[PDB]
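To keep things clear, I will list the structure first and then write my remarks on it.
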Amino acid sequence: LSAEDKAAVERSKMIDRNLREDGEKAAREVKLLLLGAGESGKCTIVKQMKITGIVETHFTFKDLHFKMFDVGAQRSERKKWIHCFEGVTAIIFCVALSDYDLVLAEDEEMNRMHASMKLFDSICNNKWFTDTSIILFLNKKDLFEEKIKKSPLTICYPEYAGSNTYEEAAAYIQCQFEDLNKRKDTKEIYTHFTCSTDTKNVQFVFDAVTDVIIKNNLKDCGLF
Amino acid sequence: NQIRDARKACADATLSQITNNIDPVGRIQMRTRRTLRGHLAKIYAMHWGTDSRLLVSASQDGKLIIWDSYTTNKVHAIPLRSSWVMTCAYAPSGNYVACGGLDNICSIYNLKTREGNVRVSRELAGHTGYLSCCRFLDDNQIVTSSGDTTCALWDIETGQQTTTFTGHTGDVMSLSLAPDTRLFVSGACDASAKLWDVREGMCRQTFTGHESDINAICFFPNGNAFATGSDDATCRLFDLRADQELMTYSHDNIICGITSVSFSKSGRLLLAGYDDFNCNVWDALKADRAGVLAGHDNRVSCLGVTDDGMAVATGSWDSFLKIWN
Amino acid sequence: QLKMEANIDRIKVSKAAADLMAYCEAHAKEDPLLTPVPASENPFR
Amino acid sequence: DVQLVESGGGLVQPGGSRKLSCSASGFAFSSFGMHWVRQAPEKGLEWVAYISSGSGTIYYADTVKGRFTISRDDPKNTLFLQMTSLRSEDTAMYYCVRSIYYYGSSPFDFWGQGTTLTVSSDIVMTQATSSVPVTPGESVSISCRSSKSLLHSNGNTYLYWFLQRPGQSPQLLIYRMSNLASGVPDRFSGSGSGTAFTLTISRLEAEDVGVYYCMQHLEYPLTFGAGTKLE
Amino acid sequence: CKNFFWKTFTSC
Amino acid sequence: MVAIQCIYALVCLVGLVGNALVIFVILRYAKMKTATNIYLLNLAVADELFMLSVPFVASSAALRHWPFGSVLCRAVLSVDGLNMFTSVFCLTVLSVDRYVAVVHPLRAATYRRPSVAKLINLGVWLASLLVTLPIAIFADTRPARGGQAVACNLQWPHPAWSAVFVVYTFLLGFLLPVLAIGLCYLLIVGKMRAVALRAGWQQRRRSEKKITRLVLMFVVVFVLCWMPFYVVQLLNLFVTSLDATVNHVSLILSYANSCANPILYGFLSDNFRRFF
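Protein chains in written order, with the authors' numbering: chain A, 5 to 55, 182 to 354; chain B, 16 to 340; chain C, 18 to 62; chain S, 1 to 120, 136 to 246; chain L, 3 to 14; chain R, 47 to 322.
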């Protein structure tokens with residue numbers, strides 16, 4: 005420490021001050037993992053969020195910053211990078227209600243909704259996402275209503291016997307997705323219907339992430 | 016069928032049956048000198064230098080911080096545009112430092128500049144899958160692997176990829192150059208270790224001894240051998256001069272897979288990091304775990320040893336990196 | 018295109034094993050990890 | 001555009017001040033820490049003041065402590081110099097060094113153009144020579160002596176060599192007495208054992224002439240050499 | 003009287 | 047007689063086997079991670095300092111005399127009173143920390159750094175010195191005049207000044223701290239219930255039910271252990287028919303919750319769950 009290391013430890017304290025400040029603005033903002041079930045996931049929620183590789187959108191709403199991360203369709207396996215998003219505030223898993231009677235452009239080995247139920251369950255069994263909450267969003271509201279009038283609704287689930295009404299079908303498919311995860315006490319699943327109003331979809335998101343950051347703060351103090 | 020049919024008849028004895036007469040290495044006691052604090056996110060990769068003093072570490076908070084190990088004084092703080100960085104490398108001289116984020120862009124940063132900030136030297140956005148590892152041949156050419164089951168040899172002055180190594184079936188997850196930076200071996204998720212060349216253009220021999228996803232890889236300072244770290248809780252040190260497997264280091268005491276493989280100066284202590292919150296030190300000659308490196312709260316991810324074998328750096332997901340000696 | 022890179026340098030595996038053992042035993046003296054180093058010689062106090 | 005500009009009056013009367021204002025350009029500010037070094041006519045360099053990055057460490061020289069008030073405005077990228085009372089001893093050409101301190105750095109890298117001013136314990140850096148008349152073209156050796164051995168416990172000796180071309184500001188030639196600066200040819204070679212501090216200019220082109228200086232970076236206030244002019 | 007206080011007996 | 051002395055060794059041993067592990071849980075795994083770990087560490091050391099000063103007053107009531115020194119009792123009687131104050135004061139700054147971190151997340155970031163957490167703990171210890179100094183400058187050793195025996199207790203020149211101090215420690219020591227932790231915890235459950243219904247959960251979930259029950263238990267125990275202790279002090283000024291038959295167990299109620307609060311917070315937390 006001769007006129008050089010004294011300034012070196014002072015520069016390190018200035019860097020540590022910026023790093024400490026960088027963690028504060030990064031903790032108050034909201035992080036969102038947008039992992040879809042099909043080829044193009046989250047086609048509606050990203051239209052209102054004001055902006182190769184992943185796509186992240188930074189926008190402020192209701193005096194709160196949000197960061198929605200979308201991976202799109204990548205040929206890499208999710209098992210090698212699913213642990214990188216551990217610690218995210220919320221997870222948005224957009225699923226379309228038109229996947230039970232439709233088959234993607236593939237080998238047709240499994241149904242679209244059957245692959246969506248397995249993909250949603252694959253995220254919950256991961257040992258990294260046992261604490262983060264997944265927010266479910268149902269797409270194609272009115273499109274699913276017209277399909278009910280010309281479909282038995284029991285393609286993927288033959289053991290189901292219920293009413294052919296959008297009010298009952300949306301409630302049954304909500305409980306079916308809530309019974310896929312084995313960790314029901316650690317994870318809280320939020321289910322909502324995507325609307326074209328362009329302001330109600332993010333309002334539920336703001337209310338959902340508020341219920342999560344209030345639990346992390348309660349977990350911080352220890353009351354959780 | 017006939018590829019390795021004759022490679023078994025020429026193996027009458029193994030490496031473990033020969034090294035049982037030399038002086039066995041006792042228990043290695045390594046004490047944590049200083050813990051490199053200051054981070055606020057999980058560390059994933061690091062790199063050492065020739066001076067054995069400076070080292071770079073990648074963190075998920077969007078900061079590629081560089082400091083010296085002897086005094087633990089943060090020198091530069093590089094704000095990263097892609098916070099989800101999974102790999103980083105350090106130059107042998109200390110001029111350029113690159114990092115592979117999730118945006119599939121190997122943002123190269125120049126340290127020695129006329130200004131104070133660390134500007135971007137070049138951006139490599141030719142890959143389609145996630146950038147998994149990157150290694151500096153020199154300050155102009157760089158070999159960067161990705162999650163697109165391929166490797167690429169990029170040039171900083173040119174800006175485009177010179178040669179794209181497309182010979183792997185599984186997802187590439189590791190890279191390891193040679194002491195002369197002439198050849199290099201890469202281990203992918205298909206349990207395949209291919210020795211890729213520069214003069215020939217791409218691989219010249221492969222190794223499929225493992226049984227699961229290979230996470231990390233290293234290179235022996237001799238240049239004729241190298242160890243590989245898979246996910247089935249075993250490491251198989253293959254041979255480049257006999258296209259076979261010298262020996263294996265497996266044990267039922269451990270259940271987690273390997274995440275980091277490193278070698279010392281003499282190559283005796285095989286530094287192998289695991290997912291059991293600790294790191295192991297293998298003899299690499301007789302398959303005997305001498306000592307264990309414990310003290311990390313979360314599972315370690317990166318592990319590098321200096322070129323002179325002075326210090327050993329272990330980084331975990333608790334935003335704390337420890338320096339061993 | 019498997020036979021493009023196949024090599025014949027596999028007549029003996031024990032001889033190459035001796036090359037790895039001879040290298041680690043000739044450079045074990047210059048390794049601070051193997052050789053017990055004092056606090057005055059090594060860095061980090 | 002890394003050049004620095006200084007502002008100063010022609011001459012000031014005793015009892016006032018000029019408020020020397022220095023501005024920065026090009027390089028990233030708030031990360032180096034500006035210096036203050038004045039040069040009296042037909043004299044040697046002498047450190048005045050130094051502020052760190054963020055007004056953290058403020059150091060004053062033994063000759064200006066209690067009279068000068070170093071100030072800065074980092075959001076403006078401007079450096080000030082407030083003074084209480086001017087004396088005939090302060091008549092000199094003030095410079096700004098724009099140095100930075102870290103491992104592998106090049107401290108005292110690019111000095112400023114400097115402004116003029118006219119008014120109507137410490138390591139004594141001594142030099143064995145003051146003017147060496149020698150024909151240019153090949154090797155020429157220059158040494159420097161110090162009061163205290165600059166060899167620190169870590170193993171780094173802090174010494175910096177300056178050239179100071181006639182009519183310009185001093186520039187860094189070799190830092191740490193053994194590492195060549197950024198922007199200098201491979202002709203400068205520095206050796207020594209604690210106090211020897213020999214500098215061999217193996218090329219010695221025409222533009223290598225000037226008043227040289229050797230400054231220590233171990234004790235405050237920083238003291239410069241006597242001055243070695245080459246012809 | 004009082005004959006007691008915080009933690010001991012006090013004179014009245 | 048000795049039956050009340052029998053549970054005295056139990057209350058100290060309960061706080062001994064528990065508080066010795068609370069520090070071992072914090073500085074081994076968390077090691078002062080943020081501001082929330084400094085308060086629980088402060089309550090853990092404040093209980094032990096209160097558990098090492100209680101054996102002097104526990105056995106002295108049985109012997110009806112003070113065998114220790116005259117000047118040494120003036121400090122010990124002020125240390126345990128300060129340990130009583132620094133414990134209830136730390137419970138106040140803990141409730142404010144839990145209130146700011148939950149209700150105002152944007153404002154709590156200024157207090158999440160260890161820089162403010164260290165000075166706010168040194169400050170709350172200094173606030174205990176200001177409250178207990180009137181009980182220290184007046185503390186002395188004077189005979190009780192009953193049997194000409196030695197006794198160490200607060201001395202006042204006039205009985206009128208005795209009524210000022212008995213309520214001063216009731217206002218500043220009991221009513222104000224329990225009103226802070228009572229209001230800070232009420233604003234936490236009130237804000238949590240309002241946010242839970244906005245997300246679509248009209249009924250209280252399993253996580254919300256556990257928190258409001260863990261919060262409700264912290265306040266009622268702080269009342270049923272300190273209010274019976276504080277109510278006995280004021281009734282001694284009007285009628286002296288107590289015959290010291292309740293003063294021995296009323297202090298034991300203060301020795302219980304002060305020695306159980308670090309364990310009630312430590313054992314019912316995520317740090318001790320991973321260690322056990």
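Even for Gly, the Cβ is constructed at its ideal location relative to N, Cα and C.
- Interface criterion met: the Cβ of residue 48(B) is under 8 Å from a Cβ in chain C.
- Under the 8 Å criterion on CB atoms, residue 22(A) is classed as interfacial with respect to chain B.
- By the criterion of a C-beta distance shorter than 8 Å, residue 307(B) is surrounded in its chain by 293, 294, 295 and 296, once the five residues flanking it on both sides are discounted.
- Looking at the backbone, the Cα of residue 159(S) and that of residue 139(S) are separated by about 11 Å.
- Residue contact check for residue 28(S) against chain B: a CB pair falls below 8 Å.
- Under the Cβ criterion of 8 Å, residue 219(B) is counted among the residues facing chain C.
- Under the three-pair Cβ rule at 8 Å, the region 128-138 of chain B counts as touching the region 27-47 of chain S.
- Cβ-Cβ distances below 6 Å link residue 244(R) to nothing in the same chain once the five nearest sequence neighbours on each side are left out.
- 28(A) is the residue among 28(A), 302(A) and 11(A) whose C-alpha sits nearest the C-alpha of residue 154(R).
- Only residues of its own chain outside the window of five on either side were considered, and among them 243, 285 and 286 have a CB closer than 6 Å to the CB of residue 230(A), listed in chain order.
- The count of Cβ pairs closer than 8 Å, one atom from the region 79-88 of chain B and one from the region 151-165 of chain S, stays below three, leaving the stretches out of contact.
- About 4 Å separates the Cβ atoms of residue 21(S) and residue 7(S), confirming a contact at the 8 Å cut-off.
- For residue 188(B), the secondary structure class from DSSP, reduced to helix, strand or coil, is coil.
- For residue 232(S), the neighbours in chain A by C-beta distance under 9 Å run, in chain order, 6, 7 and 8.
- When the five nearest sequence neighbours on each side are left out, the beta carbons in the same chain lying within less than 6 Å of the beta carbon of residue 311(B) are those of 292 and 331, in order along the chain.
- Residue 274(B) and residue 315(B) do touch by the CB rule: their CB atoms are close to 7 Å apart, below 8 Å.
- For residue 96(S), same chain residues with a beta-carbon under 8 Å away, outside a window of 5 residues either side, are 4, 6, 22, 34, 35, 36, 37, 79, 111, 112 and 114 in chain order.
- Residue contact check for residue 212(S) against chain B: no CB pair falls below 8 Å.
- The beta-carbon distance between residue 211(R) and residue 180(R), rounded to whole angstroms, is 7 Å. This is short enough to meet the 8 Å contact definition.
- Legend: CB atoms of the region 125-141 of chain B lying less than 9 Å from CB atoms of chain A belong to residues 140 and 141.
- Of 247(R), 234(R), 274(R) and 55(R), the smallest CA-CA separation from residue 259(R) is found for 234(R).
- For a cut-off of 8 Å, the C-beta gap from residue 220(A) to residue 36(A) is around 5 Å, short enough to register as a contact.
- Residue 199(A) sits away from residue 189(A), with the two beta carbons spaced by 8 Å or more.
- Look at residue 83(B): its C-beta is under 8 Å from a C-beta on chain S.
- Closer than 9 Å at the C-beta level to chain S, one finds no residue of the region 23-44 of chain A.
- Cβ-Cβ distances below 7 Å link residue 291(R) to nothing in the same chain once the five nearest sequence neighbours on each side are left out.
- Between the C-alpha atoms of residue 58(S) and residue 114(B) there is a straight-line separation of about 37 Å.
- Of all residues in the region 216-243 of chain R, the ones placed with a Cβ closer than 7 Å to any Cβ belonging to chain A are 238, 241 and 242, in chain order.
- Residue 339(B) and residue 52(C) have their C-alpha atoms roughly 14 Å apart.
- Contacts between residue 293(R) and chain L, judged by CB atoms closer than 8 Å, involve 6 in chain order.
- Residue 2(S) sits in coil when the DSSP states are folded into three classes, being neither helix nor strand.
- Taking C-beta separations shorter than 7 Å and ignoring five residues to either side along the sequence, the partners of residue 215(S) in its chain run 154, 156 and 204, following chain order.
- Residues of the region 276-302 of chain B with a C-beta atom less than 7 Å from some C-beta of chain C are 279, 280, 281, 282, 283, 284 and 300, listed in chain order.
- At a Cβ-Cβ threshold of 8 Å, residue 93(B) and residue 136(B) do not count as neighbours.
- Just so you know, the alpha carbons of residue 45(C) and residue 255(B) end up roughly 22 Å apart.
- Sequence-distant partners of residue 62(S) (beyond 5 residues in either direction) whose C-beta falls short of 7 Å from its own C-beta, in its chain, are 137 and 236.
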